[PDB]
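Student: This is the structure, below, for whatever I ask next.
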12 protein chains.
Amino acid sequence: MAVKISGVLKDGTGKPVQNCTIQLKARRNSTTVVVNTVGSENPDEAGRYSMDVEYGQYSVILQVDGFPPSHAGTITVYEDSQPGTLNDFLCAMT
Amino acid sequence: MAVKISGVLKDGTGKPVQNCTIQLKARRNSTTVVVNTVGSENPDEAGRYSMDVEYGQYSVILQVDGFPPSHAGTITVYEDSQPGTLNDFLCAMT
Amino acid sequence: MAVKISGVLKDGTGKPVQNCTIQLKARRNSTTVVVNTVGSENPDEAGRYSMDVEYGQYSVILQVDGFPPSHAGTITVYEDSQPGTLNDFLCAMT
Amino acid sequence: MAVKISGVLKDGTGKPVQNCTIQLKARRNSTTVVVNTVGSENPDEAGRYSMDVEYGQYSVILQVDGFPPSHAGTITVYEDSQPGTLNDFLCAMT
Amino acid sequence: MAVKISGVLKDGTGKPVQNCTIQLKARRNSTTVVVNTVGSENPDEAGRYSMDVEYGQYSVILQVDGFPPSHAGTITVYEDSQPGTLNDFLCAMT
Amino acid sequence: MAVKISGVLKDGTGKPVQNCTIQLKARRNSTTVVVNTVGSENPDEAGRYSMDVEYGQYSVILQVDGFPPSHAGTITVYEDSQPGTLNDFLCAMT
Amino acid sequence: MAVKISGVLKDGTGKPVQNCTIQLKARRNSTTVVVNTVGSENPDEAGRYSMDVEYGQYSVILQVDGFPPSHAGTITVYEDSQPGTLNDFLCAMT
Amino acid sequence: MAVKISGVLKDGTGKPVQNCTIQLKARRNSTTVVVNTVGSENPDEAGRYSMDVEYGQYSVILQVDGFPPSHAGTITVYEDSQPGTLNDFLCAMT
Amino acid sequence: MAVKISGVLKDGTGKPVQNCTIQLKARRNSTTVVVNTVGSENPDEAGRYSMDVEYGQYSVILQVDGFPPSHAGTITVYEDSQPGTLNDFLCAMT
Amino acid sequence: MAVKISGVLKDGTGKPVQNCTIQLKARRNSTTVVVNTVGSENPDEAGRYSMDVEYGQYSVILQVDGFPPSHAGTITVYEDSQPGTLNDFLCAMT
Amino acid sequence: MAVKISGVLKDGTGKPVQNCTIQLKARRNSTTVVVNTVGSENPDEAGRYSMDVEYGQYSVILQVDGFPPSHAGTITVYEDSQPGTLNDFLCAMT
Amino acid sequence: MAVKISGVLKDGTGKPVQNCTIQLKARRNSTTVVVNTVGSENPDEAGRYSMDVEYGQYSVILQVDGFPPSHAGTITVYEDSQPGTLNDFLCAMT
């Protein structure tokens, strides 16, 4: 199953960030994802993003049209996670 | 929420600075801001600035047209912070 | 005898991978295959793959148009193996 | 408030110095001036200069089309100083 | 006498491999073969191969216009062997 | 108040020097002269010079059209000084 | 006299070798052959060769069009030697 | 006052030297001559020279558009001397 | 007197060797030959050679258009030698 | 006073020296000749030379058109010296 | 008195040497020959040479058109020597 | 007085040597010759030379447009020598 990861993506001054590109980098083999595979997603102009993420361990990469990739960190989804925003997984007590 | 930061910024000789821009770079990802994201604002011709800032720790950069980028310092916006000028956050005890 | 390897190939965000290529390298020569021989097959537009592999040890290579070759890992198919996705074969205990 | 620094600028032969530029490089964060902000002031043909200086610590630089920028020294304006000339601030007992 | 070697050459995915070339590099002087002599014989489009090997010691080279020559291993033909496939000679207990 | 420094400046053989230039460089800033400020006049065709020198310590440079700059020495005009030739100030006891 | 050396020249797979050349370099001067002298003669398409060789020690070279020269070994034709193929002398006990 | 120095400049064969030039390099600050000042006096075709030197210490340089400047020696015009020739000052017991 | 050295020059295959040239490099002064002198002899198409050698010590160099000069060795002719072939002098027990 | 230096200039084979030039260089400055001053004369076509030299130490140089400058030696002509050839002065006891 | 040296110089194969030249170099000056003087003679078409040499010690050089100059050796013609070939002088006991 | 040196100049093979040039390089100052003065003398086509040498010490150079100048040696002529050939002076007991 795919857990829904949804939210809005704002910069540090309360405005949406445009030209974004969010990438999920698999680091270990899962039941349905092969290692070293990237899954991309492009937010809209208002900053809304929504993805269907398969469980496993991933590295998050954020690219904004003139930014070298910003390694936000590693997220992990098990068979107990509930739908939420991307930021909670980064801030979650791993 | 967001704390409102408003004021006017000048130089030693009591004049507004022109063609400048303030950039806040988030050095630690938060519940609403992802790490390593810059949010910028250009003051008006009178040097007046006004912007809504999300909580967390930020690094402040001033860029003036021609001059090398200046690293003013680091600010921290907590849940108990009250509105004020940008200078007080720089001068706040750490 | 050739075990049937069937499945669908997706990434972290639950989408098929296009322009992909799956290669199997015979690591150790067997009574049916000769060592250092590559066998590859391109999945369809929906990311569905089905191959008939001979038994032995193989190293799996994932090739994507644009990215450098990925080293998924190593599979070892015995005479007693049952049909299934290659994801189970990489994640099988060794 | 701004202390009013006024005077005349003469060289060693008792003559006005032209094509000058007095700049104030702020070295510490103040309640009204951000770090590394320069404010220029060009005196008239008779060597008269007058500036309104916000209190704090400054490094005075005197740039003439000729000798490289001459570091006159560091000046400091508390909230007790009275209006005067820049030479007294340079020569004041720190 | 010439031992007949016959078989079908397949890659890891149970398919014939085309454009190949099997070379037998003789490493030791035999009664009828001089050292460092090669014999090339290309199999058909269905992967069928057959040679008339003279007894002795040989190194097998599999050249497939691609990966460099693949030293599959030394074969040895005694004067008590029976006709078979090349893979058995590779896998034979030396 | 500027001491008057007047006289005639000749060479070893008793002739006036033409195309000359006398430069005073303030090595230490005073209440009326800022540090590292140069003052120069060209003497007349007869080698006669007249100066209104502010109090303080200066370094004297002799510049002739063609020769490299000469370093005559250092003078120090106190408050008890009296008008006289420049040549005495270098030769005064220190 | 001359010992007769007649036979056919096959390769590992039982085929004749074309564009071949046998070279006999005399490594020790004899009653009838001076040192460091070669004699080269071309076998036919069937691979047959016929050589009347004088006594002494020789080094045998196979030169086949395209390949680097091959050093088959060294032969020693004595007075008690009987006619035979070239392979027997190389394979003879030394 | 100026000490008159006159004479005739003859080379080693009792002949006048032409195209000559005598320079007096002041080496110590005097009451009437600034340090590092040169005064030339070109003799006539018959080798006669006559100068009006001031008191002090001088280095005599002899430039003859040829051999490089010849540092003859240092002359001191003590304020008890009487007019003479240049050679007497060189030969004088300093 | 000159001893007659005659014979037929054959290679290891038992054939005449054409395009040859035999040279005798004298290494010590003799009664009739000065040291470091070479005398060439070109055999005919059937390999026959015949020279009239003066007694002494020589080094024989057999040069053919091809392989580099092959120094067969040293020959010595004393006042006891009988006419023969070149090969005997090489093989003679010196 | 001046000593008369006269004579004829000859070489080993009793011949006049043509295109010659005699140079006297004042080694030590005296009451009549300044130091490092050269006085030269050219002998006539028969090699006859005559000059009037002042007292002191001189280094004598012979310059011939084509040959490198020769350093004949050093002469020391005194107050009591008698007229003669420069050969005697060069050969005089020192 | 010049001893006459006459003879014919051959090579190993009993032939005259053409385009030759014999050089005698005097290595020690004598009462009739100055040191380092080279006297040469070209033998005729039949190899016959006839020279007459002065007494002393000489180095004998052979020069042949095509080969680098040979160093034949050393001879010493005394006052008691008898006319003979050049070869005997080389072989004479020393 | 000049000693008369006369003779004939022959090489090692009893023939005159042409194109020669005898040079006398003086080494010490004499009463009539200055150091490092050379006097040439070209002999005629018959090798005859006759020179007049002033007494002293000389080094003899023999330039023959060939071998570089040859140091024949030192010749000393006192006021007792009698006329003779150049070779005797070289061979004379020094």
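Chains: A, B, ... in order of the structure tokens. Residues: from 1 per chain. Ligands: from 1, in order shown.
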Could you list the residues in chain C lying within 10 Å of chain E, using only C-alpha atoms, and format the result as an MDAnalysis selection string?
Tutor: chainID C and resid 1:5 23:41 51:58
Student: Could you write out that same residue set with N, CA, C and O atoms as a tab-separated table (two decimals), in the first residue's frame?
Tutor:
chain	number	residue	atom	x	y	z
C	1	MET	N	16.01	-25.94	-16.23
C	1	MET	CA	14.67	-25.36	-16.23
C	1	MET	C	14.73	-23.89	-15.86
C	1	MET	O	15.52	-23.48	-15.01
C	2	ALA	N	13.89	-23.08	-16.51
C	2	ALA	CA	13.87	-21.64	-16.31
C	2	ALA	C	12.73	-21.28	-15.36
C	2	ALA	O	11.56	-21.53	-15.66
C	3	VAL	N	13.08	-20.67	-14.23
C	3	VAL	CA	12.08	-20.12	-13.33
C	3	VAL	C	11.52	-18.84	-13.93
C	3	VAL	O	12.25	-18.04	-14.55
C	4	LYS	N	10.22	-18.65	-13.77
C	4	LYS	CA	9.53	-17.47	-14.28
C	4	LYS	C	9.64	-16.34	-13.28
C	4	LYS	O	9.25	-16.48	-12.12
C	5	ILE	N	10.17	-15.20	-13.73
C	5	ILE	CA	10.34	-14.01	-12.90
C	5	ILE	C	9.40	-12.96	-13.47
C	5	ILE	O	9.64	-12.43	-14.56
C	23	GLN	N	19.34	-6.19	-16.64
C	23	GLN	CA	20.41	-7.04	-17.13
C	23	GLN	C	20.80	-8.04	-16.05
C	23	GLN	O	20.92	-7.68	-14.88
C	24	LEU	N	21.01	-9.29	-16.45
C	24	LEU	CA	21.49	-10.34	-15.57
C	24	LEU	C	22.86	-10.80	-16.06
C	24	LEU	O	22.99	-11.18	-17.23
C	25	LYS	N	23.85	-10.77	-15.18
C	25	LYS	CA	25.20	-11.22	-15.48
C	25	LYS	C	25.46	-12.54	-14.77
C	25	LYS	O	25.34	-12.61	-13.54
C	26	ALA	N	25.83	-13.57	-15.52
C	26	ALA	CA	26.13	-14.87	-14.94
C	26	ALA	C	27.46	-14.79	-14.20
C	26	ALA	O	28.52	-14.77	-14.83
C	27	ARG	N	27.41	-14.76	-12.87
C	27	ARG	CA	28.63	-14.60	-12.09
C	27	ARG	C	29.49	-15.85	-12.14
C	27	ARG	O	30.72	-15.76	-12.23
C	28	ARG	N	28.87	-17.03	-12.09
C	28	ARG	CA	29.59	-18.29	-12.12
C	28	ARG	C	28.95	-19.20	-13.16
C	28	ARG	O	27.73	-19.37	-13.17
C	29	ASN	N	29.78	-19.78	-14.02
C	29	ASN	CA	29.26	-20.58	-15.13
C	29	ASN	C	28.55	-21.83	-14.62
C	29	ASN	O	28.97	-22.45	-13.64
C	30	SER	N	27.45	-22.18	-15.28
C	30	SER	CA	26.66	-23.33	-14.89
C	30	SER	C	26.62	-24.34	-16.03
C	30	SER	O	27.32	-24.17	-17.03
C	31	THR	N	25.81	-25.38	-15.89
C	31	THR	CA	25.69	-26.37	-16.95
C	31	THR	C	24.77	-25.91	-18.07
C	31	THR	O	24.49	-26.70	-18.98
C	32	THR	N	24.28	-24.67	-18.03
C	32	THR	CA	23.40	-24.18	-19.08
C	32	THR	C	23.85	-22.83	-19.61
C	32	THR	O	23.55	-22.48	-20.76
C	33	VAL	N	24.56	-22.05	-18.80
C	33	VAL	CA	25.03	-20.73	-19.18
C	33	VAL	C	26.54	-20.66	-18.98
C	33	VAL	O	27.10	-21.40	-18.17
C	34	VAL	N	27.18	-19.78	-19.74
C	34	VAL	CA	28.62	-19.57	-19.65
C	34	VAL	C	28.88	-18.27	-18.90
C	34	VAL	O	28.13	-17.30	-19.02
C	35	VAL	N	29.96	-18.26	-18.12
C	35	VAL	CA	30.24	-17.13	-17.24
C	35	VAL	C	30.51	-15.87	-18.06
C	35	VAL	O	30.96	-15.92	-19.21
C	36	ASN	N	30.19	-14.71	-17.46
C	36	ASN	CA	30.32	-13.40	-18.11
C	36	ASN	C	29.45	-13.30	-19.36
C	36	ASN	O	29.91	-12.90	-20.43
C	37	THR	N	28.18	-13.65	-19.21
C	37	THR	CA	27.20	-13.48	-20.27
C	37	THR	C	26.03	-12.66	-19.73
C	37	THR	O	25.50	-12.95	-18.66
C	38	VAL	N	25.63	-11.63	-20.48
C	38	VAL	CA	24.60	-10.70	-20.04
C	38	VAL	C	23.31	-11.01	-20.78
C	38	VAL	O	23.33	-11.29	-21.99
C	39	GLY	N	22.21	-11.03	-20.04
C	39	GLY	CA	20.89	-11.18	-20.64
C	39	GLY	C	19.97	-10.09	-20.16
C	39	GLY	O	19.76	-9.94	-18.96
C	40	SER	N	19.41	-9.31	-21.08
C	40	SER	CA	18.67	-8.12	-20.71
C	40	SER	C	17.29	-8.14	-21.35
C	40	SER	O	17.07	-8.76	-22.39
C	41	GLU	N	16.36	-7.44	-20.70
C	41	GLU	CA	15.02	-7.29	-21.27
C	41	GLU	C	14.38	-6.01	-20.76
C	41	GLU	O	14.36	-5.76	-19.55
C	51	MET	N	10.53	-12.59	-17.29
C	51	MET	CA	11.67	-13.28	-17.87
C	51	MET	C	11.65	-14.74	-17.44
C	51	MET	O	10.94	-15.12	-16.50
C	52	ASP	N	12.43	-15.56	-18.13
C	52	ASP	CA	12.58	-16.98	-17.82
C	52	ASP	C	14.06	-17.23	-17.58
C	52	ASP	O	14.82	-17.43	-18.53
C	53	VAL	N	14.48	-17.23	-16.32
C	53	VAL	CA	15.90	-17.25	-15.97
C	53	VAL	C	16.32	-18.69	-15.68
C	53	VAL	O	15.53	-19.49	-15.18
C	54	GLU	N	17.56	-19.01	-16.04
C	54	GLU	CA	18.14	-20.29	-15.67
C	54	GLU	C	18.70	-20.21	-14.25
C	54	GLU	O	18.91	-19.13	-13.70
C	55	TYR	N	18.94	-21.37	-13.65
C	55	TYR	CA	19.40	-21.41	-12.27
C	55	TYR	C	20.89	-21.08	-12.19
C	55	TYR	O	21.65	-21.27	-13.15
C	56	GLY	N	21.30	-20.58	-11.03
C	56	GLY	CA	22.68	-20.21	-10.76
C	56	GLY	C	22.74	-18.90	-10.01
C	56	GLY	O	21.77	-18.46	-9.40
C	57	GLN	N	23.91	-18.27	-10.06
C	57	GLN	CA	24.15	-16.97	-9.43
C	57	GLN	C	24.22	-15.90	-10.51
C	57	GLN	O	24.90	-16.07	-11.52
C	58	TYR	N	23.51	-14.79	-10.29
C	58	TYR	CA	23.54	-13.68	-11.22
C	58	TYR	C	23.68	-12.37	-10.46
C	58	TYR	O	23.26	-12.25	-9.31
Student: Quick one: residues within 10 Å of residue 42 in chain G, only C-alpha atoms, excluding same-chain residues fewer than 4 positions away - as an mmCIF file with N, CA, C and O atoms, in the first residue's frame?
Tutor:
data_model
loop_
_atom_site.group_PDB
_atom_site.id
_atom_site.type_symbol
_atom_site.label_atom_id
_atom_site.label_comp_id
_atom_site.auth_asym_id
_atom_site.auth_seq_id
_atom_site.Cartn_x
_atom_site.Cartn_y
_atom_site.Cartn_z
ATOM 1 N N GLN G 18 46.021 -21.611 -42.309
ATOM 2 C CA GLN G 18 46.411 -20.956 -43.547
ATOM 3 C C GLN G 18 47.295 -19.749 -43.260
ATOM 4 O O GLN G 18 47.323 -19.219 -42.147
ATOM 5 N N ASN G 19 48.020 -19.320 -44.295
ATOM 6 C CA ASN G 19 48.932 -18.175 -44.219
ATOM 7 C C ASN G 19 49.983 -18.367 -43.129
ATOM 8 O O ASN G 19 50.428 -17.409 -42.496
ATOM 9 N N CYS G 20 50.390 -19.610 -42.912
ATOM 10 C CA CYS G 20 51.349 -19.939 -41.870
ATOM 11 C C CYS G 20 52.756 -20.011 -42.447
ATOM 12 O O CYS G 20 52.958 -20.104 -43.658
ATOM 13 N N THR G 21 53.740 -19.957 -41.554
ATOM 14 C CA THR G 21 55.135 -20.059 -41.951
ATOM 15 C C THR G 21 55.938 -20.667 -40.813
ATOM 16 O O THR G 21 55.857 -20.202 -39.672
ATOM 17 N N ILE G 22 56.708 -21.705 -41.130
ATOM 18 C CA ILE G 22 57.591 -22.368 -40.177
ATOM 19 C C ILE G 22 58.978 -21.767 -40.336
ATOM 20 O O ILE G 22 59.511 -21.714 -41.451
ATOM 21 N N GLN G 23 59.564 -21.309 -39.234
ATOM 22 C CA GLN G 23 60.915 -20.767 -39.237
ATOM 23 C C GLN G 23 61.789 -21.589 -38.304
ATOM 24 O O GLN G 23 61.396 -21.864 -37.167
ATOM 25 N N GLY G 47 47.610 -27.602 -45.042
ATOM 26 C CA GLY G 47 48.437 -27.599 -43.857
ATOM 27 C C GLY G 47 49.591 -28.575 -43.874
ATOM 28 O O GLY G 47 50.230 -28.771 -42.834
ATOM 29 N N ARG G 48 49.868 -29.204 -45.012
ATOM 30 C CA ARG G 48 50.961 -30.160 -45.102
ATOM 31 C C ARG G 48 52.299 -29.443 -45.232
ATOM 32 O O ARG G 48 52.391 -28.373 -45.839
ATOM 33 N N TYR G 49 53.333 -30.028 -44.634
ATOM 34 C CA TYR G 49 54.688 -29.508 -44.713
ATOM 35 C C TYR G 49 55.660 -30.660 -44.923
ATOM 36 O O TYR G 49 55.405 -31.797 -44.511
ATOM 37 N N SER G 50 56.792 -30.340 -45.557
ATOM 38 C CA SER G 50 57.808 -31.329 -45.920
ATOM 39 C C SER G 50 59.157 -30.611 -45.892
ATOM 40 O O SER G 50 59.386 -29.702 -46.692
ATOM 41 N N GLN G 63 54.841 -18.293 -37.678
ATOM 42 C CA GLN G 63 54.450 -16.943 -38.050
ATOM 43 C C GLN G 63 53.195 -17.051 -38.897
ATOM 44 O O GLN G 63 53.244 -17.575 -40.013
#
Student: What is the distance between CA of residue 77 in chain B and CA of residue 43 in chain B, in Å to one decimal?
Tutor: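 CA of residue 77 in chain B sits 21.0 Å away from CA of residue 43 in chain B.
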Student: Could you go through range 23-82 of chain H and tell me which residues DSSP, when run on the backbone, assigns to strand (DSSP E or B), listing them as a PyMOL selection string?
Tutor: chain H and resi 23-26+33+38-41+48-53+57-62+70-76
Student: Just how far from CA of residue 78 in chain B is CA of residue 59 in chain A, in Å to one decimal?
Tutor: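 It comes out at 28.2 Å.
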Student: Looking only at alpha helix (DSSP H) from DSSP on the backbone, list the matching residues of chain G as a PDB file with N, CA and C atoms, in the first residue's frame.
Tutor:
ATOM      1  N   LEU G  86      56.655 -32.784 -37.113  1.00  0.00           N
ATOM      2  CA  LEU G  86      57.281 -31.743 -36.310  1.00  0.00           C
ATOM      3  C   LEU G  86      56.852 -31.795 -34.850  1.00  0.00           C
ATOM      4  N   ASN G  87      55.632 -32.258 -34.573  1.00  0.00           N
ATOM      5  CA  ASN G  87      55.130 -32.251 -33.205  1.00  0.00           C
ATOM      6  C   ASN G  87      55.909 -33.202 -32.306  1.00  0.00           C
ATOM      7  N   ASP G  88      56.385 -34.323 -32.849  1.00  0.00           N
ATOM      8  CA  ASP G  88      57.082 -35.304 -32.023  1.00  0.00           C
ATOM      9  C   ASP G  88      58.391 -34.748 -31.474  1.00  0.00           C
ATOM     10  N   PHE G  89      59.138 -34.002 -32.292  1.00  0.00           N
ATOM     11  CA  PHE G  89      60.390 -33.425 -31.811  1.00  0.00           C
ATOM     12  C   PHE G  89      60.150 -32.426 -30.691  1.00  0.00           C
ATOM     13  N   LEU G  90      59.123 -31.588 -30.826  1.00  0.00           N
ATOM     14  CA  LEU G  90      58.779 -30.684 -29.735  1.00  0.00           C
ATOM     15  C   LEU G  90      58.360 -31.462 -28.495  1.00  0.00           C
ATOM     16  N   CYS G  91      57.590 -32.536 -28.680  1.00  0.00           N
ATOM     17  CA  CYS G  91      57.104 -33.352 -27.576  1.00  0.00           C
ATOM     18  C   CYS G  91      58.126 -34.366 -27.085  1.00  0.00           C
TER      19      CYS G  91
END
Student: Measure the distance from CA of residue 75 in chain I to CA of residue 61 in chain I in Å and round it to one decimal.
Tutor: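 According to the coordinates, CA of residue 75 in chain I and CA of residue 61 in chain I are separated by 10.9 Å.
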